[PDB]
Each structure stands twice: as structure tokens, then as C-alpha cells.
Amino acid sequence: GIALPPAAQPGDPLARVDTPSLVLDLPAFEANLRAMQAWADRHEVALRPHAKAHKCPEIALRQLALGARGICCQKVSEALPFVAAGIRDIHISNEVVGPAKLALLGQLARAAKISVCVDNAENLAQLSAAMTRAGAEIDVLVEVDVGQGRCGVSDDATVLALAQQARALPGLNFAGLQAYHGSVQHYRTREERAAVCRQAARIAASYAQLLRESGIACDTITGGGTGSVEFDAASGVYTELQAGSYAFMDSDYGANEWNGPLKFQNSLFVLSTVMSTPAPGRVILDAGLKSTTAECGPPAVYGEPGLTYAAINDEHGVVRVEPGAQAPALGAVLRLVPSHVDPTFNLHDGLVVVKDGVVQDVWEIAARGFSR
């Protein structure tokens, strides 16, 4: 029937890309990748960047080319397109619960070098049974609660027991701890973040010491996000960093204070067209909730003081034109910074890659919608 033309062709000026589109500024992205890897290298810790941020095997390949020690995925099915692209060192930074999931994990563990988290005795036993059935081996990290109050163990006896059992069980190798504090990532001041990161590191170190004193090596302590890796890398406790959003940035992370040694550029935008100029004081954009999420608020208009993206609907954004500011014309194309990287990536099937205002390529967000 009717064919849908691609939104962008290599060689197109950005202004001719069809909207809304998710756009990557390649030089900013590349600089962010280098900066995070250099930070890890400086502190002699590993970087295992989180693929949930972008769900894009081409991006993971570029991270690995710069020295990343594998990637993280949050869900077992999310790993499949990365393995298809030849990426075979993957940490599932989550617990895996459900018969189909553990069966799939067993197959993944035969095809690749996999680790997973556990925080539950029953699940550790389910994991062992599934590995044994699959003829597979997996590394196991015990997840500890360091203050987020999501998943993770919070008592010594349970950490010790899970580690002892992973050691004794066939198909399982005890590899260390996952210690991730999600809430600290967006505490605004560096002083606030540093204080909570110090406490998270102390908790993780205490569990690692408990294990060591019981004769169990605790070789990996992994965790950290884009807001905390400034501190986690220097803790002398974390051995591996799991930052994901750093390559892109968004307006929520943008609101943090970044006046220390580690800073990232905006590289990720939603391109949108002005499609109504209905009254003085406002214009309407064609990018709404279906193109960028708003659990953390609306997107921000990039490089346009005076324009304020206000109400967001399904397929419309209401932009207020502040008094004194020039209203954009009908058909004008604007760049928006999403408020939150990962859920925005998960709305799109393709990423338009730009350099010097010209389209270079379109990369496949091949793991979009893989949450099983």
C-alpha cells in the first residue's frame, strides 16, 4: 500500500528531518563516552554502562570499543539484541523471577558470559535449578539495600547465607555484591550526593568485610549511576560502575549541580515542529507524551530563552512565549531536551544520528519494548 518514507536520510540537514524524531548529537555523545571511561580508568575501576538507558546495540558497541567491560541490562529479554550484535559480557542488574524468564536466562547463559542479582533464598534455589536444567553456569551477585529501599537484602545473616549457598550450588558462582542507590542520583548538590554515597559505600564495605571474615571472597562490588559515579569511583569500595544516562543527559540530571571533576554534555534531543500559532503568547509543537515522557515533568526547549514548554498532551506540546521573546514561526523546527533519558528512548524505534547539523545515520533501538 502506502510506504512510510524514512524520517531522515544520510546527508539531510537536521531542519529537514521529519518530526518528532529522537536525535543524537554524535560529537557530544562521543565526548561523554570518553569522559566516563577516562573517569573509571583514573580510579582503576571497571565501567559497565547500563544499556537500559538507550536499548541500542550500536551504542553499546561504541562503549565497548572505548574500553567498557561489558554492559548491564535490567531484564533478560533486553539482552537478546545485544547478544545478537555480538556482545557477550552482560550483567542483569536485577532479580529474575518467573519460569519462562529463568528458562530464557539458562539459554542466555549458554550463549554468553552472564551474571545476575539475587536477594531472595527461594529465587536463588530457582536460579540454581534453572542453570542445572540448562547445563549452564552463571555468576551471582547478592543485591544489598544501601538506602533506596527497592530490592536487596538488609541483614548480615541473609547476605552470608546466600553467598554460601551460591558457592555450594552447581551452576552458580558467587561473584560479589550489587549496591545501587537510585534516589541519590538526583539529589541536587554535590555535598548532598557525596554524603549519601559515603553511607552507601560504608554499608557495602561492611557486607564485603562480613563475607571476607567468613572466608568468602567478594571480588566485585558493583553499582553507581550517573549522579553518583563521581563519588563511587573514588570510594575504594566499588569495583565496577553502572552509569547509563551519562552518554545523553536529560533535563532532570541537568538540574543537578555538576561543579566537580566530572561533567556531561547534552547529546539527546527530540526534534519537533511548530504546528499551530493560535494566539499571541503560545505556539503548539507536534511532540507530546507519545514522543517523550513526563513522569519527571515536560521536556525543555533547547537554546531558546523565552520559550517554555508547558502543558504536554498525547501528541501536542503547549509552548508559552514569554513577553519580549520572539514566537517561532509555523513550521519551525525546535530541539527539546527530554526530562528523562531511558523512558524516552523506549518510545522510539530509531535514533537519528547527527554531526555538524547533518544526518549521519539512523541507529536501531533494537531492544525497545523488551521488558520481559
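In case it trips you up, residue 1 is the first one in the sequence shown, and so on.
Asker: Quick one: higher average CA temperature factor, 297-305 or 132-140?
Answerer: Comparing averages over the C-alpha atoms only gives 297-305.
Asker: Given the B-factors recorded for C-alpha atoms, which segment has the greater mean, 208-216 or 88-96?
Answerer: That would be 208-216.
Asker: According to the Cα B-factor stored in this entry, which of the following is highest: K75, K263, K101, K113?
Answerer: Highest CA B-factor of the listed options: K263.
Asker: Could you say which of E322, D342, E58, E30 has its CA atom at the highest B factor, as listed in the PDB entry?
Answerer: Largest recorded C-alpha B-factor: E322.
Asker: Sorting the chain's modelled residues by C-alpha B-factor, tell me whether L124 ends up in the lowest, middle or highest third.
Answerer: It falls in the bottom third of the chain.
Asker: Rank-wise, by C-alpha B-factor, drop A255 into the lowest, middle or highest third of its chain.
Answerer: Its C-alpha B-factor belongs to the highest third of this chain's values.
Asker: State the tercile, meaning the lowest, middle or highest third, of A15 with respect to the CA B-factors recorded for its chain.
Answerer: For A15, whose C-alpha B-factor we compare with every modelled residue in the chain, the answer is the highest third.
Asker: So where's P278 on the chain's Cα temperature factor ranking, which third?
Answerer: Top third by C-alpha B-factor.
Asker: Comparing against every modelled residue in the chain, figure out the third that the C-alpha B-factor of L47 lands in (lowest, middle or highest).
Answerer: As the PDB entry reports it, the C-alpha B-factor of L47 lands in the lowest third of its chain.
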